[PDB]
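Shown below: work_22.csv, with CSV, C-alpha atoms and all ligand atoms.
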chain,number,residue,atom,x,y,z
A,9,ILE,CA,-12.7,3.4,-14.6
A,10,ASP,CA,-14.0,0.2,-16.3
A,11,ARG,CA,-11.5,-2.5,-17.5
A,12,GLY,CA,-14.1,-5.3,-18.2
A,13,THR,CA,-13.2,-7.9,-15.4
A,14,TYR,CA,-12.3,-5.1,-12.9
A,15,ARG,CA,-12.7,-1.4,-12.3
A,16,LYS,CA,-9.8,0.9,-11.2
A,17,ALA,CA,-9.4,4.3,-9.5
A,18,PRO,CA,-5.9,5.9,-9.7
A,19,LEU,CA,-4.6,7.4,-6.4
A,20,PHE,CA,-2.4,10.5,-6.3
A,21,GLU,CA,-2.3,10.4,-10.1
A,22,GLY,CA,1.0,12.2,-11.2
A,23,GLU,CA,2.2,12.9,-7.6
A,24,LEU,CA,4.2,9.6,-7.1
A,25,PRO,CA,7.9,9.3,-8.2
A,26,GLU,CA,8.6,7.9,-11.7
A,27,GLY,CA,8.5,4.1,-11.5
A,28,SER,CA,5.6,3.9,-9.0
A,29,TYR,CA,1.8,3.9,-9.3
A,30,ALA,CA,-1.1,3.5,-6.9
A,31,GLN,CA,-4.7,2.6,-7.4
A,32,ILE,CA,-7.8,1.0,-6.0
A,33,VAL,CA,-8.9,-2.1,-8.0
A,34,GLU,CA,-12.3,-3.8,-7.7
A,35,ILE,CA,-12.5,-7.3,-9.3
A,36,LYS,CA,-16.2,-7.5,-10.3
A,37,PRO,CA,-18.7,-9.9,-8.8
A,38,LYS,CA,-18.0,-13.6,-9.7
A,39,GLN,CA,-15.3,-12.6,-12.2
A,40,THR,CA,-12.0,-14.4,-13.0
A,41,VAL,CA,-8.9,-12.3,-13.9
A,42,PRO,CA,-7.0,-14.8,-16.0
A,43,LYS,CA,-3.4,-15.8,-15.9
A,44,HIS,CA,-0.9,-13.1,-16.8
A,45,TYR,CA,2.5,-11.8,-15.7
A,46,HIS,CA,4.3,-8.4,-15.8
A,47,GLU,CA,7.7,-8.1,-17.6
A,48,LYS,CA,9.2,-5.5,-15.2
A,49,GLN,CA,6.8,-4.3,-12.5
A,50,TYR,CA,6.3,-5.6,-8.9
A,51,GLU,CA,2.7,-5.4,-7.4
A,52,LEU,CA,1.9,-5.0,-3.8
A,53,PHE,CA,-1.8,-5.7,-2.9
A,54,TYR,CA,-3.6,-4.9,0.3
A,55,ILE,CA,-7.0,-6.6,0.4
A,56,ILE,CA,-9.7,-4.0,1.5
A,57,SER,CA,-12.9,-6.1,1.1
A,58,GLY,CA,-14.4,-9.3,-0.3
A,59,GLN,CA,-12.8,-12.7,-0.7
A,60,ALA,CA,-11.2,-14.4,-3.7
A,61,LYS,CA,-8.8,-17.1,-4.8
A,62,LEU,CA,-5.5,-15.3,-5.6
A,63,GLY,CA,-3.0,-17.3,-7.6
A,64,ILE,CA,0.8,-16.5,-7.6
A,65,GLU,CA,3.0,-18.9,-9.5
A,66,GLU,CA,2.1,-22.4,-8.3
A,67,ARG,CA,0.1,-21.4,-5.1
A,68,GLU,CA,-3.6,-20.4,-4.8
A,69,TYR,CA,-4.4,-18.3,-1.7
A,70,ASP,CA,-7.7,-17.7,0.1
A,71,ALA,CA,-7.3,-13.9,0.0
A,72,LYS,CA,-9.3,-12.1,2.7
A,73,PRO,CA,-9.5,-8.5,4.0
A,74,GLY,CA,-6.1,-7.4,5.6
A,75,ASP,CA,-4.0,-9.9,3.7
A,76,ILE,CA,-1.0,-8.4,1.8
A,77,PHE,CA,0.6,-10.0,-1.2
A,78,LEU,CA,3.6,-9.3,-3.4
A,79,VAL,CA,3.7,-10.3,-7.1
A,80,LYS,CA,7.2,-10.2,-8.5
A,81,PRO,CA,8.0,-9.6,-12.2
A,82,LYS,CA,7.6,-12.5,-14.6
A,83,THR,CA,5.4,-14.3,-12.0
A,84,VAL,CA,2.1,-15.6,-13.3
A,85,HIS,CA,-1.0,-14.5,-11.2
A,86,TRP,CA,-4.7,-14.6,-11.4
A,87,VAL,CA,-7.8,-14.0,-9.3
A,88,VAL,CA,-11.1,-15.9,-9.0
A,89,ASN,CA,-13.8,-13.8,-7.3
A,90,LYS,CA,-16.4,-16.5,-6.4
A,91,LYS,CA,-18.6,-13.9,-4.4
A,92,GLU,CA,-21.3,-11.5,-5.4
A,93,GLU,CA,-19.3,-8.7,-3.6
A,94,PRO,CA,-16.5,-6.9,-5.5
A,95,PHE,CA,-13.0,-8.0,-4.5
A,96,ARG,CA,-11.4,-4.6,-3.5
A,97,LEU,CA,-7.7,-4.0,-3.1
A,98,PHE,CA,-5.2,-1.3,-2.7
A,99,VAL,CA,-2.5,-1.8,-5.4
A,100,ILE,CA,1.0,-0.3,-5.5
A,101,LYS,CA,3.1,-0.9,-8.6
A,102,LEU,CA,6.9,-0.6,-8.3
A,103,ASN,CA,9.5,-0.6,-11.1
A,104,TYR,CA,6.4,0.5,-13.2
A,105,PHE,CA,7.0,2.2,-16.6
A,106,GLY,CA,3.6,1.4,-18.3
A,107,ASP,CA,1.5,-1.7,-19.3
A,108,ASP,CA,3.9,-4.7,-19.4
A,109,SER,CA,1.2,-7.4,-19.0
A,110,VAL,CA,1.5,-10.7,-20.9
A,111,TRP,CA,-2.0,-12.4,-21.0
A,112,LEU,CA,-2.0,-16.3,-21.4
B,9,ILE,CA,10.1,-4.2,16.3
B,10,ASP,CA,10.0,-1.4,19.0
B,11,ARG,CA,10.8,2.3,18.0
B,12,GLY,CA,9.6,4.0,21.2
B,13,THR,CA,6.5,6.0,20.0
B,14,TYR,CA,5.6,3.2,17.4
B,15,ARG,CA,6.3,-0.4,16.5
B,16,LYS,CA,7.1,-1.6,13.0
B,17,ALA,CA,7.0,-5.0,11.1
B,18,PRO,CA,8.9,-5.1,7.7
B,19,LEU,CA,7.0,-6.7,4.9
B,20,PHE,CA,8.7,-8.7,2.1
B,21,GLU,CA,12.0,-7.6,3.6
B,22,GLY,CA,14.7,-7.7,0.7
B,23,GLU,CA,12.2,-8.8,-2.0
B,24,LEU,CA,11.1,-5.2,-3.1
B,25,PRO,CA,13.1,-3.3,-5.8
B,26,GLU,CA,15.9,-0.9,-4.7
B,27,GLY,CA,14.2,2.4,-3.6
B,28,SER,CA,11.1,0.8,-2.1
B,29,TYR,CA,10.2,-0.5,1.3
B,30,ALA,CA,7.0,-1.8,3.0
B,31,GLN,CA,6.0,-2.2,6.6
B,32,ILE,CA,3.2,-2.3,9.1
B,33,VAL,CA,3.4,0.5,11.6
B,34,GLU,CA,1.5,0.8,14.9
B,35,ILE,CA,1.6,4.2,16.6
B,36,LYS,CA,1.3,3.3,20.3
B,37,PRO,CA,-1.8,4.1,22.5
B,38,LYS,CA,-2.2,7.8,23.2
B,39,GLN,CA,1.3,8.6,21.6
B,40,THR,CA,2.3,11.6,19.5
B,41,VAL,CA,4.8,11.1,16.7
B,42,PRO,CA,6.2,14.6,16.5
B,43,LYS,CA,6.9,16.9,13.5
B,44,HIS,CA,9.5,15.5,11.0
B,45,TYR,CA,10.1,15.4,7.3
B,46,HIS,CA,12.0,13.1,4.9
B,47,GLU,CA,14.7,14.5,2.6
B,48,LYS,CA,14.0,12.2,-0.4
B,49,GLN,CA,11.4,9.5,0.4
B,50,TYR,CA,7.7,9.5,-0.4
B,51,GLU,CA,5.3,7.7,2.0
B,52,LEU,CA,2.0,6.1,1.1
B,53,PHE,CA,-0.1,5.2,4.2
B,54,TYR,CA,-3.2,3.0,4.2
B,55,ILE,CA,-5.0,3.2,7.6
B,56,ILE,CA,-5.8,-0.4,8.8
B,57,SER,CA,-7.2,0.3,12.3
B,58,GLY,CA,-7.6,3.0,15.0
B,59,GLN,CA,-8.1,6.7,14.7
B,60,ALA,CA,-5.6,9.6,14.9
B,61,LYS,CA,-4.9,13.2,13.9
B,62,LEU,CA,-2.5,13.0,11.0
B,63,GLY,CA,-0.7,16.3,10.1
B,64,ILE,CA,0.7,16.9,6.6
B,65,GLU,CA,2.2,20.4,6.0
B,66,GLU,CA,-0.5,22.9,7.3
B,67,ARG,CA,-3.4,20.4,7.3
B,68,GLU,CA,-4.5,18.1,10.2
B,69,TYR,CA,-6.7,15.2,9.1
B,70,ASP,CA,-9.0,12.9,11.1
B,71,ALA,CA,-7.4,9.6,9.9
B,72,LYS,CA,-9.8,6.6,10.1
B,73,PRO,CA,-9.6,3.0,8.7
B,74,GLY,CA,-9.6,2.9,4.9
B,75,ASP,CA,-8.1,6.4,4.5
B,76,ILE,CA,-5.0,6.7,2.2
B,77,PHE,CA,-2.5,9.5,2.4
B,78,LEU,CA,0.7,10.5,0.6
B,79,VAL,CA,3.5,12.4,2.3
B,80,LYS,CA,5.9,13.9,-0.2
B,81,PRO,CA,9.5,14.6,0.5
B,82,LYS,CA,10.4,17.7,2.5
B,83,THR,CA,6.8,17.8,3.9
B,84,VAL,CA,6.4,18.0,7.6
B,85,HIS,CA,4.1,15.4,9.1
B,86,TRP,CA,3.1,14.2,12.5
B,87,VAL,CA,0.5,11.9,14.2
B,88,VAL,CA,-1.5,12.3,17.4
B,89,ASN,CA,-3.1,9.0,18.6
B,90,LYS,CA,-5.7,10.2,21.1
B,91,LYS,CA,-7.1,6.6,21.6
B,92,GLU,CA,-6.1,3.6,23.8
B,93,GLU,CA,-6.1,1.5,20.5
B,94,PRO,CA,-2.9,1.3,18.5
B,95,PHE,CA,-3.1,3.4,15.2
B,96,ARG,CA,-2.2,0.7,12.6
B,97,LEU,CA,-1.1,1.5,9.1
B,98,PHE,CA,0.3,-0.1,6.0
B,99,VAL,CA,3.3,2.0,4.9
B,100,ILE,CA,5.0,2.0,1.4
B,101,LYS,CA,8.2,4.1,1.1
B,102,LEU,CA,9.2,5.2,-2.4
B,103,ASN,CA,12.4,6.9,-3.5
B,104,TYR,CA,13.7,5.3,-0.2
B,105,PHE,CA,17.5,4.8,0.3
B,106,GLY,CA,17.7,4.7,4.1
B,107,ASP,CA,16.7,6.9,7.1
B,108,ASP,CA,16.4,10.5,5.8
B,109,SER,CA,14.2,11.8,8.7
B,110,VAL,CA,14.8,15.3,10.1
B,111,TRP,CA,13.1,15.6,13.5
B,112,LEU,CA,12.0,19.1,14.7
C,201,MG,MG,-1.1,-7.9,-12.0
C,202,MG,MG,7.2,9.7,7.9
Any chance you could put this one into structure tokens?
Amino acid sequence: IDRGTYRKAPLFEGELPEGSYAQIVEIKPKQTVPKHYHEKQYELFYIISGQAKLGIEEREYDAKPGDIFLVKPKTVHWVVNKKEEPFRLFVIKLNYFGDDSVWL
Amino acid sequence: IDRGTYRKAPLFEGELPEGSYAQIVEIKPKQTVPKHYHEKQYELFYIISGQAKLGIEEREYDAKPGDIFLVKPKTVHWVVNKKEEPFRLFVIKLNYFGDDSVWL
């Protein structure tokens, strides 16, 4: 499914307990996902493939395959894919009740 | 941390919302994790490395790196590591309130 700066594929759609969601995300080639935070949800990310700058709060990380991150609620985050390869991650949302994104 | 047939490393210990837990598991070389089910918890597994037979209910899967599985509550499951390499997975527990394993 296309979302402009990224594509997403839901995993086990409807089979996870209320409050949880899982998906594959691919940040497109050379794309920035700009600064945003979630009001309620937590996000766990497992990096499958590619490389990107991943920003959480004041820190920017060199995200590489095998890395795992946690983005807590009301924590700004962003991604800069500087490569021609998609930046692919396995995403688990927790305390998730629908879109709660604030874009800056 | 050693658990006999597997080793585990908690991830973001204490930072996840109540009801959720994350860890790295490594099923040891050549080891079987025998049939068991959870009363309440759901388990999402991302296979990092190695190969194993993963049983869920009546189905046995050839689990390989990149595969993702969901084990629902009160669903029997088991793993047979036939390789000398550890079977390494990223595990997210949902609807998780403590050890609720029934071993058969
Ligand atoms: Mg986010
Ligand atoms: Mg289990």
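You will find CA of residue 50 (chain A) at 25.1 Å from CA of residue 34 (chain B).
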In Å, with one decimal, what is the gap from CA of residue 60 (chain A) to CA of residue 89 (chain A)?
4.5 Å
Fewer than 3 positions away in the same chain doesn't count, so skip those; otherwise give me all residues within 6 Å of region 39-48 of chain A, counting only C-alpha atoms, as a PDB file with C-alpha atoms, keeping the file's coordinate frame.
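File produced: result-v6.pdb:
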ATOM      1  CA  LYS A  36     -16.200  -7.500 -10.300  1.00  0.00           C
ATOM      2  CA  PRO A  81       8.000  -9.600 -12.200  1.00  0.00           C
ATOM      3  CA  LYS A  82       7.600 -12.500 -14.600  1.00  0.00           C
ATOM      4  CA  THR A  83       5.400 -14.300 -12.000  1.00  0.00           C
ATOM      5  CA  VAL A  84       2.100 -15.600 -13.300  1.00  0.00           C
ATOM      6  CA  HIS A  85      -1.000 -14.500 -11.200  1.00  0.00           C
ATOM      7  CA  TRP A  86      -4.700 -14.600 -11.400  1.00  0.00           C
ATOM      8  CA  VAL A  87      -7.800 -14.000  -9.300  1.00  0.00           C
ATOM      9  CA  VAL A  88     -11.100 -15.900  -9.000  1.00  0.00           C
ATOM     10  CA  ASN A  89     -13.800 -13.800  -7.300  1.00  0.00           C
ATOM     11  CA  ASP A 108       3.900  -4.700 -19.400  1.00  0.00           C
ATOM     12  CA  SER A 109       1.200  -7.400 -19.000  1.00  0.00           C
ATOM     13  CA  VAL A 110       1.500 -10.700 -20.900  1.00  0.00           C
ATOM     14  CA  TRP A 111      -2.000 -12.400 -21.000  1.00  0.00           C
ATOM     15  CA  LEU A 112      -2.000 -16.300 -21.400  1.00  0.00           C
TER      16      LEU A 112
END
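Residue nearest residue 19 (chain B) within the list A:78, A:102, A:33, A:64: A:78 [criterion: smallest interatomic distance, all atoms listed in the file].
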Chain B contacts to chain A at 10 Å (only C-alpha atoms) as a compact mmCIF listing (two decimals) with C-alpha atoms, in the frame of the given file:
# COMPACT_ATOMS: atom_id res chain seq x y z
CA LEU B 19 7.00 -6.70 4.90
CA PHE B 20 8.70 -8.70 2.10
CA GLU B 23 12.20 -8.80 -2.00
CA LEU B 24 11.10 -5.20 -3.10
CA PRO B 25 13.10 -3.30 -5.80
CA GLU B 26 15.90 -0.90 -4.70
CA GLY B 27 14.20 2.40 -3.60
CA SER B 28 11.10 0.80 -2.10
CA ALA B 30 7.00 -1.80 3.00
CA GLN B 49 11.40 9.50 0.40
CA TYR B 50 7.70 9.50 -0.40
CA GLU B 51 5.30 7.70 2.00
CA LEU B 52 2.00 6.10 1.10
CA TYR B 54 -3.20 3.00 4.20
CA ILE B 56 -5.80 -0.40 8.80
CA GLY B 74 -9.60 2.90 4.90
CA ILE B 76 -5.00 6.70 2.20
CA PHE B 77 -2.50 9.50 2.40
CA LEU B 78 0.70 10.50 0.60
CA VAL B 79 3.50 12.40 2.30
CA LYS B 80 5.90 13.90 -0.20
CA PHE B 98 0.30 -0.10 6.00
CA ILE B 100 5.00 2.00 1.40
CA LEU B 102 9.20 5.20 -2.40
CA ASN B 103 12.40 6.90 -3.50
Expressed in Å to a single decimal, how great is the separation between CA of residue 57 (chain A) and CA of residue 15 (chain A)?
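Computing the Euclidean distance for CA of residue 57 (chain A) and CA of residue 15 (chain A) yields 14.2 Å.
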So which one's closest to ligand MG 201 (chain C), A:70, A:92, A:35, A:75? Using all atoms listed in the file, please.
A:35
